[PDB]
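# Secondary and tertiary structure notes
Listed below are the residues making up each chain.
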Amino acid sequence: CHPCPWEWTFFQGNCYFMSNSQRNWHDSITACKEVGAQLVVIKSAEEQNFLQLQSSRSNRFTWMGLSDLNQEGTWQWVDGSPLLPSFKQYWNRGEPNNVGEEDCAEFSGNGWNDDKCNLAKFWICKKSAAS
Ligand SMILES: CC(=O)N[C@H]1[C@H](O[C@@H]2[C@@H](O)[C@H](O)O[C@H](CO)[C@@H]2O)O[C@H](CO)[C@@H](O[C@@H]2O[C@H](CO)[C@H](O)[C@H](O)[C@H]2O)[C@@H]1O[C@@H]1O[C@@H](C)[C@@H](O)[C@@H](O)[C@@H]1O
Ligand SMILES: [Ca+2]
Ligand SMILES: [Ca+2]
Ligand SMILES: [Mg+2]
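Residues numbered from 1 in each chain as written, not as in the entry; some residues may be left out. Chains lettered and ligands numbered in written order. Heavy atoms only, no water.

### Describing the coordination of the calcium ion (ligand 3)
Those protein atoms acting as donors to the calcium ion (ligand 3) are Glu95 (OE), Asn97 (OD1), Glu102 (OE), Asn113 (OD1), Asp114 (O) and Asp114 (OD), and they sit at 2.3 to 2.5 Å. All donors of the calcium ion (ligand 3) come from a single chain, and their spacing in sequence reads E-x1-N-x4-E-x10-N-D. Among the residues examined, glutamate 95 registers a relative accessible area of 21% and is labelled partly exposed. (Donors = N, O, S within 2.8 Å, 3.2 Å for Na, K, Ca; no water. Buried < 20%, exposed > 50% of the residue type's maximum accessible area, 1.4 Å probe, protein only.)

In structure tokens, the structure reads:
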């Protein structure tokens, strides 16, 4: 028994995969579902620190499963859970600024940034480690 499928990274009971191509927010969600996963929904500060490193390391702008599409200002993860105040510190300073309507969150630099959902970016999928 191995926790994750080949090519997927194991971290604290969960499996992660970062794309090698760029897609918009909605397409990234579909990309993850197609591999039995979900555009990464962060559940803890530790997980955030882990994921942020992968983006700041490779110096890549990456999608996460978070948006305020349904209600401007109200950020919600793709699984329905609301963005806890515990995570506000992660937005880069000045973010989220919603310029030109930015309703999708990405890992950008050392923190998060809200950007155009239709912009193509890399994405990270997450799914629980095998039983
Ligand atoms: C207000 C705005 O549109 N911010 C842009 C910024 O735009 C300015 C204009 O406001 C000003 O009049 O002219 C200058 C050029 O002389 C400039 O166009 O332009 C920057 C650079 O393109 C842009 O930041 C970049 O945003 C992209 C988004 O994909 C990416 O994050 C990149 O790393 C940034 O450097 C500003 O965009 C906004 O601010 C960013 C900090 C971020 O919050 C973006 O989501 C915003 O759209
Ligand atoms: Ca917004
Ligand atoms: Ca922004
Ligand atoms: Mg909107």
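### Some points on the site of ligand 1
Looking at ligand 1, the residues that line it are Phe61, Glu95, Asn97, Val99, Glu102, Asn113, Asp114, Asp115, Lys116 and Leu119. When isolated, ligand 1 has an accessible area of 820 Å², and the protein chains bury 30% of it. For the shell around ligand 1, a count of residues per class yields three nonpolar, two polar and five charged. (Near = heavy atom within 4 Å. Areas by Shrake-Rupley, 256 points an atom, 1.4 Å probe, with all protein chains shown as cover. Nonpolar A, V, L, I, M, F, W, Y, C, P; charged D, E, K, R; others polar.)

### Overview of the state of the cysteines
Considering all chains together, one arrives at three disulfides under this definition. Here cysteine 4 connects covalently by a disulfide to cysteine 15, the sulfurs 2.0 Å from one another. Torsion about the S-S bond of the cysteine 4 and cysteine 15 cystine: about -85°, corresponding to left-handed handedness. You can see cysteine 4 sitting in the segment before strand 1 (9-11) and its partner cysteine 15 sitting in strand 2 (residues 14-18), a full eleven residues away along the chain. Taking the relative accessible area as the measure of exposure, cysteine 4 reaches 8% and is therefore buried. Taking relative accessible area as the criterion, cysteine 15 reaches 0% and is therefore assigned buried. Disulfide partner of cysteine 32: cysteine 125, at an S-S distance of 2.0 Å. For the disulfide bridge between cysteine 32 and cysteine 125, the dihedral angle about the S-S bond is near -90°, and by the sign convention the bridge is left-handed. With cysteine 32 in helix 1 (residues 25-33) and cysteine 125 in strand 8 (residues 122-128), the pair connects residues that are 93 residues apart, well separated along the chain. (Disulfide = S-S within 2.5 Å. Helix = DSSP H or I, 4+ residues; strand = E, 2+ residues; numbered from the N terminus.)

### A word on the pairing of strand 4 (residues 62-67)
With six of six residues buried, strand 4 is to be regarded as a mostly interior element. Side chains of strand 4 alternate between two faces, with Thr62, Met64 and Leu66 and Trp63, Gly65 and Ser67 buried alike. The pairing of strand 4 with strand 6 (residues 104-108) spans three bridges and is classified as antiparallel. Of the residues in strand 6, the one forming a bridge with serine 67 is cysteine 104. (Pairing = 2+ DSSP bridges.)

### Thoughts on the layout of surface pockets
A water-sized probe, rolled over the atoms, reveals where empty space remains. By volume, the largest pocket is sized at about 160 Å³. Together, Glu7, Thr9, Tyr16, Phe17, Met18, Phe50, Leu51, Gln54 and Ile124 line the largest pocket. (1 Å grid on protein atoms, 1.4 Å probe; cavity = no way out; pocket = protein on both sides within 12 Å on 5 of 7 lines; lining within 4 Å. Points joined across faces, edges and corners; volume = space filled by probe spheres on them.)

### Quick notes on the pattern of salt bridges
Inspection of the entire model under this criterion finds five salt bridges. Between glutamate 102 and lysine 116 there is a salt bridge, and its shortest N-O distance comes to 3.1 Å. Of this pair, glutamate 102 sits in the loop between strand 5 (76-77) and strand 6 while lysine 116 is found in the loop between strand 7 (111-115) and strand 8, placing the two residues 14 residues apart along the sequence. Residue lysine 116 is classed as partly exposed on the basis of its relative accessible area, which comes to 28%. Here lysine 121 and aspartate 115 are joined by a salt bridge, their closest N and O atoms 2.8 Å apart. On the basis of relative accessible area, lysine 121 is assigned to the buried category, the value being 5%. Several salt bridges share partner residues, and in doing so they unite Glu106, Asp115 and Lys121 into one network. (Salt bridge = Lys/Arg side-chain N within 4 Å of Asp/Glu carboxyl O.)

Read these as layout, nothing more, since geometry by itself doesn't imply function.
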